[PDB]
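Novice: Protein chains in written order, with the working numbering: chain S, 1 to 245; chain P, 246 to 490.
Provided herewith is a single structure, encoded as structure tokens, for subsequent inquiry.
Here's what the structure looks like:
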């Protein structure tokens, strides 16, 4: 399984500061064994795809579930592919908990981005109260089944486990906490889809990944890479891409 | 009061078709006395501003309430200015009734957009059930107060009245129904803000405007223009811009 790291820039940047970040990544020595994709703000997607070297993919941070229509504020898979981006991040913690997107809506968005030929980074994760109630497994298998029910071809899907308590807080899951869930998730895929999909699907971890802690997390057997937020805007993003070296 | 027509393209278009539409508008005979702005998908805002003539304004279709942050999928006033757009549409009927944005949130967005120096087209409107119940005035005045209580400078605000039953349906409000609401909203503005604000603030109508009905609507005394949806994607949008000729 090729190591994967996505950088989600969230609502940050302008052309000058993102042009500078893109020049850094294009000049840097990035492992050819890592699949790198950057998720730009929708207003900067075209600029990003035109600037970035072709080996680095571009991801939209969100999309809607139909090609066109009266949905002011939304963009569709058709528009993302038009600009040349090849991925979309769906079901992220902020979309679910700050903007209230449901499992059913994230599921409809996944089926439609895949039909439209886009790759999907699909995010799952439990809240602090759920982790402490000991229902982490129940919660993430429920979100994963919502996504799975909408995936015909798993070869363009990357699952991202991002515990909500670990996003932007600085409280990173320990290597053993991230491994335990990745391994349970991969068994869920083995018994509910097939062993072939369990073995080939990348399951990445997100939630306060930094240059300083990425190598020990990357050493866990079922951690296939990372979804990186705040540190995707800093030069240390180059070290996270290179975590296995 | 300068006649204002805003075209909201909603989630429509690609670079070929919006490039065509833009070439048409740039070469058209557009009234010297009309203020035109096009509301483009976020992914094409930079494209749209590079291609449209400088006389035509560009509007974002939504924005969030702070300059930067962990808000995946959102864009800010700061990024909108960075691209050269001068306007944002806030509180449109789909943001309210499809995506659940409340009056409190729309009010916070208006304050923030204006604090960053963007003009705002703020939308309000009642549902068919509220019109049938006789409470149109109650609803448009509480949605306008939520906006008005958050406006420090009215120079940059354009109010848009878009009855929900008239959007996408072809059931346009009659001139007399439009004039009734626009006249009452201008009266609310005279007594809750000031007379000078009531006299210079444009109040535009949206909801199934077409090249066939725009002249009747535009001769009404308190209708200062239009917020066009579906017809903004067509050649007849030029006739709506020229609705007083």
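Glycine included, each C-beta is placed from N, C-alpha and C at the ideal position.
Taking the straight line between their C-alpha atoms, what separation do you get for residue 415 (chain P) and residue 288 (chain P)?
Specialist: Here residue 415 (chain P) corresponds to residue number 170 of the second chain, with the count starting at 1. Here residue 288 (chain P) corresponds to residue number 43 of the second chain, with the count starting at 1. Their Cα atoms are separated by approximately 28 Å.
Novice: Could you give the distance in angstroms between the alpha-carbon of residue 460 (chain P) and the alpha-carbon of residue 57 (chain S)?
Specialist: What you label residue 460 (chain P) is simply residue 215 of the second chain in a count that begins at 1. What you label residue 57 (chain S) is simply residue 57 of the first chain in a count that begins at 1. Looking at the backbone, the Cα of residue 460 (chain P) and that of residue 57 (chain S) are separated by about 49 Å.
Novice: Just list the residues that DSSP pairs residue 89 (chain S) with in beta bridges.
Specialist: In the first chain, residue 89 (chain S) corresponds to position 89, counting from 1. Bridge partners of residue 89 (chain S): S:121.
Novice: So what does residue 280 (chain P) bridge to, in DSSP terms?
Specialist: Sequence index remark: in the second chain, residue 280 (chain P) carries index 35 (1-based). Per DSSP, P:249.
Novice: So what's residue 311 (chain P) in DSSP terms, helix, strand or just coil?
Specialist: Mapped onto the second chain, residue 311 (chain P) falls at position 66. In the structure shown, residue 311 (chain P) sits in coil (DSSP, three-state: anything other than H, G, I, E or B).
Novice: With DSSP as the reference, please indicate the residues paired to residue 472 (chain P) in a beta bridge.
Specialist: For the purposes of this step, residue 472 (chain P) is taken as residue 227 along the second chain, with counting starting at 1. According to DSSP, which records beta bridges pairwise, residue 472 (chain P) is partnered with P:251.
Novice: Are the stretch 78-88 of chain S and the stretch 116-132 of chain S in contact at 8 Å, needing three or more beta carbon pairs?
Specialist: yes
Novice: Looking only at C-alpha atoms, which of P:285, P:410, P:348, P:405 sits nearest to residue 374 (chain P)?
Specialist: Taking the first residue of the second chain as position 1, residue 374 (chain P) is located at position 129. Nearest C-alpha to residue 374 (chain P) among P:285, P:410, P:348, P:405: P:410.
Novice: Taking residue 74 (chain S) as the reference, which of S:82, S:80, S:64 has the closest Cα?
Specialist: Here residue 74 (chain S) corresponds to residue number 74 of the first chain, with the count starting at 1. Ranked by Cα distance from residue 74 (chain S), the first of S:82, S:80, S:64 is S:64.
Novice: Out of S:32, S:9, S:1, state which residue places its alpha-carbon closest to the alpha-carbon of residue 229 (chain S).
Specialist: By one-based count along the first chain, residue 229 (chain S) stands at place 229. Out of S:32, S:9, S:1, S:9 has the C-alpha closest to the C-alpha of residue 229 (chain S).
Novice: Could you name the residues that DSSP lists as bridge partners for residue 447 (chain P)?
Specialist: The residue labelled residue 447 (chain P) in the question sits at position 202 within the second chain. Residue 447 (chain P) pairs with P:403.
Novice: Looking at residue 5 (chain S): is its Cβ nearer than 8 Å to the Cβ of residue 241 (chain S)?
Specialist: As a working note, residue 5 (chain S) is residue 5 in the first chain. As a working note, residue 241 (chain S) is residue 241 in the first chain. The Cβ atoms of residue 5 (chain S) and residue 241 (chain S) lie closer than 8 Å to each other.
Novice: Cα-Cα, which of P:278, P:246, P:277, P:285 is closest to residue 259 (chain P)?
Specialist: Mapped onto the second chain, residue 259 (chain P) falls at position 14. It is P:285 whose Cα lies nearest to the Cα of residue 259 (chain P).
Novice: Using a Cβ-Cβ distance under 8 Å, would residue 42 (chain S) count as near chain P?
Specialist: Counting from one through the first chain, the residue named residue 42 (chain S) turns up at place 42. Interface residue, yes.
Novice: Thinking residue 207 (chain S) and residue 173 (chain S) are a contact (beta carbons under 8 Å), I'd like their distance in whole angstroms, please.
Specialist: On the first chain, position 207 is the one that residue 207 (chain S) refers to. On the first chain, position 173 is the one that residue 173 (chain S) refers to. In this structure residue 207 (chain S) touches residue 173 (chain S) by the C-beta definition: roughly 6 Å separates them, less than 8 Å.
Novice: Can you pull out the residues from the stretch 287-321 of chain P whose beta carbon lies closer than 7 Å to at least one beta carbon of chain S?
Specialist: 287, 288, 290, 291, 292, 306, 307, 309, 313, 314, 315, 316, 317, 318, 319, 320, 321
Novice: Closer than 7 Å by beta-carbon distance: list the chain P residues that pair up with residue 94 (chain S), in chain order.
Specialist: Locating residue 94 (chain S) in the first chain gives position 94, where the first residue counts as 1. Ordered by position in chain P, the residues that pass the 7 Å Cβ test against residue 94 (chain S) are 315, 316, 317.
Novice: In chain P, which residues lie with their C-beta within 9 Å of the C-beta of residue 88 (chain S)?
Specialist: As a working mapping, residue 88 (chain S) is identified with position 88 in the first chain. Result: empty, since nearest Cβ-Cβ is about 10 Å, beyond 9 Å.
Novice: What residues in the stretch 12-26 of chain S have a beta carbon less than 7 Å from any beta carbon of chain P?
Specialist: 12, 14, 15
Novice: Are residue 181 (chain S) and residue 189 (chain S) closer than 8 Å when you measure CB to CB?
Specialist: The residue labelled residue 181 (chain S) in the question sits at position 181 within the first chain. The residue labelled residue 189 (chain S) in the question sits at position 189 within the first chain. For residue 181 (chain S) and residue 189 (chain S), no; Cβs fall outside 8 Å.
Novice: At the level of alpha carbons, what is the spacing between residue 107 (chain S) and residue 179 (chain S)?
Specialist: Indexing the first chain from 1 puts residue 107 (chain S) at position 107. Indexing the first chain from 1 puts residue 179 (chain S) at position 179. Taking the straight line from one Cα to the other gives about 25 Å.
Novice: Report the neighbours of residue 323 (chain P) on chain S: residues whose CB is nearer than 9 Å to its CB, in chain order.
Specialist: As a first step, residue 323 (chain P) is located in the second chain; it is residue number 78 there, counting from the start. Ordered by position in chain S, the residues that pass the 9 Å Cβ test against residue 323 (chain P) are 14.
Novice: Near residue 226 (chain S), what residues of its chain come up, given a Cβ to Cβ distance below 7 Å and the 5 sequence neighbours on each side ignored?
Specialist: Position 226 of the first chain, counting from 1, holds the residue named residue 226 (chain S). Answer for residue 226 (chain S): 5, 204, 205, 206, 209, 214, 240, listed in chain order.
Novice: So, is residue 1 (chain S) buried or exposed, given that buried needs 16 or more other C-beta atoms within 10 angstroms?
Specialist: The residue labelled residue 1 (chain S) in the question sits at position 1 within the first chain. Classification of residue 1 (chain S): exposed, given that the 10 Å Cβ count is below 16.
Novice: Am I right that residue 436 (chain P) and residue 399 (chain P) are in contact with their C-beta atoms under 8 Å? What's the rounded C-beta distance?
Specialist: Within the second chain, numbered from 1, the residue matching residue 436 (chain P) stands at position 191. Within the second chain, numbered from 1, the residue matching residue 399 (chain P) stands at position 154. Not a contact, Cβ separation roughly 15 Å.
Novice: Quick check on residue 24 (chain S): buried or exposed, where buried means 16 or more other Cβ atoms within 10 Å of its Cβ?
Specialist: The count along the first chain starts at 1 and reaches residue 24 (chain S) at position 24. It counts as exposed.
Novice: By the 9 Å beta-carbon criterion, what residues does the stretch 458-488 of chain P contribute toward chain S?
Specialist: So the list reads 474, 475, given in the order they occur along the chain.
Novice: Quick one: is residue 327 (chain P) near chain S, going by C-beta distance under 8 Å?
Specialist: Indexing the second chain from 1 puts residue 327 (chain P) at position 82. Answer yes: the Cβ-Cβ gap between residue 327 (chain P) and chain S drops below 8 Å somewhere.
Novice: From what residue to what residue does the alpha helix (DSSP H) around residue 303 (chain P) run?
Specialist: Taking the second chain and counting its residues from 1, one reaches residue 303 (chain P) at position 58. Per DSSP, residue 303 (chain P) belongs to no alpha helix (DSSP H); it is in the beta strand (DSSP E), 302-305.
Novice: Return yes when the Cβ of residue 296 (chain P) is within less than 8 Å of the Cβ of residue 11 (chain S), no when it is not.
Specialist: Sequence index remark: in the first chain, residue 11 (chain S) carries index 11 (1-based). Sequence index remark: in the second chain, residue 296 (chain P) carries index 51 (1-based). In this structure, residue 296 (chain P) does not lie closer than 8 Å to residue 11 (chain S) by Cβ.
Novice: Exposed or buried, which one is residue 219 (chain P) when buried takes at least 16 other CB atoms within 10 Å?
Specialist: Since the first residue of chain P shown is 246 and the last is 490, residue 219 (chain P) is not available in this structure.
Novice: Tell me the rounded alpha-carbon separation between residue 142 (chain S) and residue 195 (chain S).
Specialist: Taking the first residue of the first chain as 1, we reach residue 142 (chain S) at position 142. Taking the first residue of the first chain as 1, we reach residue 195 (chain S) at position 195. Looking at the two C-alpha atoms, the distance is approximately 19 Å.
Novice: Assuming residue 329 (chain P) is part of the alpha helix (DSSP H), what are its boundary residues?
Specialist: As a first step, residue 329 (chain P) is located in the second chain; it is residue number 84 there, counting from the start. Here residue 329 (chain P) belongs to no alpha helix (DSSP H), and DSSP marks it neither H nor E.
Novice: Since residue 10 (chain S) meets chain B, which of its residues come closer than 9 Å, beta carbon to beta carbon?
Specialist: Looking for chain B here will not work: the only protein chains present are S and P.
Novice: Can you find the residues in the same chain that come closer than 7 Å, C-beta to C-beta, to residue 355 (chain P), ignoring five residues on each side of it along the sequence?
Specialist: As a first step, residue 355 (chain P) is located in the second chain; it is residue number 110 there, counting from the start. Within the same chain, and ignoring the five residues on either side of residue 355 (chain P) in sequence, the residues whose Cβ sits closer than 7 Å to its Cβ are 335, 365, 367, 392, 395, 396.
Novice: Give me, in chain order, the residues of the same chain whose beta-carbon lies closer than 6 Å to that of residue 7 (chain S); leave out the 5 immediate sequence neighbours on both sides.
Specialist: Taking the first residue of the first chain as 1, we reach residue 7 (chain S) at position 7. Same-chain partners within the cutoff: 38, 228, 232, 237.
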